[PDB]
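Laboratory data are not the source of any read-out in this text; all were calculated from the coordinates shown. Note that we place each Cβ from the backbone using ideal geometry, even for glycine, and neighbour counts take in every protein chain shown.
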Amino acid sequence: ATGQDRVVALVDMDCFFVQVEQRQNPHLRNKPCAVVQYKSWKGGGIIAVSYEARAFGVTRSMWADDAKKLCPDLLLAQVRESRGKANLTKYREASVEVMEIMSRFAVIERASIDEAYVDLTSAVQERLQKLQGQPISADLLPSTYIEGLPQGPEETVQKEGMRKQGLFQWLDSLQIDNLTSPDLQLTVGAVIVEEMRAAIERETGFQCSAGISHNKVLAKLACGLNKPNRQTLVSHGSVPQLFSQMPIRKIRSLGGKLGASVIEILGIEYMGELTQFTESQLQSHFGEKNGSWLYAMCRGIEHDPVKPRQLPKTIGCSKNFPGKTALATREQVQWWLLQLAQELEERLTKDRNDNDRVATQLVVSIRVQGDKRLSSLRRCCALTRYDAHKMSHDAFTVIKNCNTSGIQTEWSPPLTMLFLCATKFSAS
DNA sequence: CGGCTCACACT
DNA sequence: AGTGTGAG
Ligand SMILES: Nc1ccn([C@H]2C[C@H](O)[C@@H](COP(=O)(O)NP(=O)(O)OP(=O)(O)O)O2)c(=O)n1
Ligand SMILES: [Mg+2]
Ligand SMILES: [Mg+2]
């Protein structure tokens, strides 16, 4: 079991929110640009950054005023604001454009607003059959990188030169006659991804990057290797060298506490080092599921299927009221619950029309001042009507007990966060 | 005051 | 049903 059974691709839009703004606002194109929200506080928080802007060191989770210091000419596009909160509708709609195009080629799993996993196994089989021993031209893979290539013995000075040489080595090595071979399958998968990315760009004007491999983790990792506007094929064989110097945190789901735990407990830095441990050893340290996943993953093997899901399982609205802005009155809490409910209602109504389904559960989450937990309390009630007033009213009923204060016209402790989430969808 | 938004494991 | 982790 070499985990070479599937052909999986992860496609991620390059600086997605920026591209959406750049398409709509042509003046932003091919310039250091960022997308920000909530301009009032420090010029707004940057949530997307063009590659021209990244050259100046501008990053996500950076204040616009600070970004300006690094990049004086940085152009900014503001996230739409509705009812006192950021509205992401344009980006969701832009996302739908991309997802629908991708869906034409194969079943997709919407991993995020700007990326999706594709299981191309079946599509590859069909493509392999359509061409009988047809040699795969380099022209079919104009933006493809083969990780780990070129290897061995002035063209390579340029990145395009390196890409070509690597591709040539790979293609020269490829034997068409073996329809079964995983490398061949990955290659054909890459050809389809080229087509998928060309279609996306032609039809949306959005550029994207892609990773092609035998699983989701490798595909996602591969995608990031040659961003932007490029796709990378990571073969099973490329894994040992790739993982040998690959920081553990870089593997998906290893970015947080578990990753640090793996590093600290095992005293290792790289993904490859995990191979020297028995599955039982890994299981003992990190649990049954994690241990087995780690044992297989460090060998480039993962079995997490590409879920056939294009739609979010939940629709959520929330707002932060940090520090001084915390809501300390009942009226204040009710008004904000209403604003969140109103946006939620609009999105829910659209969802029902577009997707033939209804949310049956309303989830309410709040944060009181002095908690470092993202959520202080979680509570749920039935969502029976797509009405903002009822939903906000119900949400308030569910969380009204949290209010310590006797006066009751005041709210204590003050709420630093309000969250409304529609869940438990059903067909209709 | 890196904000808003999802998915999912564990209990 | 609720809490926490991880991600984008
Ligand atoms: N913390 C984050 C991460 C992403 N996003 C949004 C903005 C991003 O443009 C979009 C996609 O996330 P992302 O793929 O990780 N980064 P982005 O697409 O902007 O650039 P790339 O590095 O992928 O090329 O989700 C966000 O709002 N908050
Ligand atoms: Mg992206
Ligand atoms: Mg992404």
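See the values below:
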{"read-out": "Sum of side-chain charges, A:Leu225 neighbourhood, beta-carbon under 12 Å (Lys, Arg +1; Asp, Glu -1)", "value": "+3"}
{"read-out": "Magnitude of the charge dipole, chain A, Cβ model with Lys/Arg +1 and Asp/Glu -1, debye to 20", "value": "1720"}
{"read-out": "Sorted by Cβ density within 10 Å, fewest first, the residues A:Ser122, A:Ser376", "value": "A:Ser122, A:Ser376"}
{"read-out": "Label-point separation, A:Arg352 to A:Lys68 (7 Å along Cα→Cβ), nm", "value": "4.4"}
{"read-out": "Environment charge of A:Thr409, counting only residues whose C-beta is closer than 11 Å and scoring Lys/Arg +1, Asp/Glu -1", "value": "-1"}
{"read-out": "Label-to-label distance, nm, for residues given as A:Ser292 and A:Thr180 (7 Å Cα→Cβ offset)", "value": "2.7"}
{"read-out": "Packing-based exposure ordering (other Cβ within 10 Å, fewest first) of A:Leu141, A:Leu179", "value": "A:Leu179, A:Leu141"}
{"read-out": "Order of A:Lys400, A:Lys164 - criterion: other Cβ atoms within 10 Å of each residue's Cβ, fewest first", "value": "A:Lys400, A:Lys164"}
{"read-out": "Ratio of the Cα radius of gyration of chain A to 2.2 N^0.38 Å, where N counts its residues", "value": "1.11"}
{"read-out": "Residues whose placed amide H lies under 5 Å from that of A:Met246, excluding near-sequence neighbours", "value": "A:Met271, A:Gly272"}
{"read-out": "Ordering of A:181-193, A:358-370 by burial proxy (mean other Cβ atoms within 10 Å per residue, highest first)", "value": "A:181-193, A:358-370"}
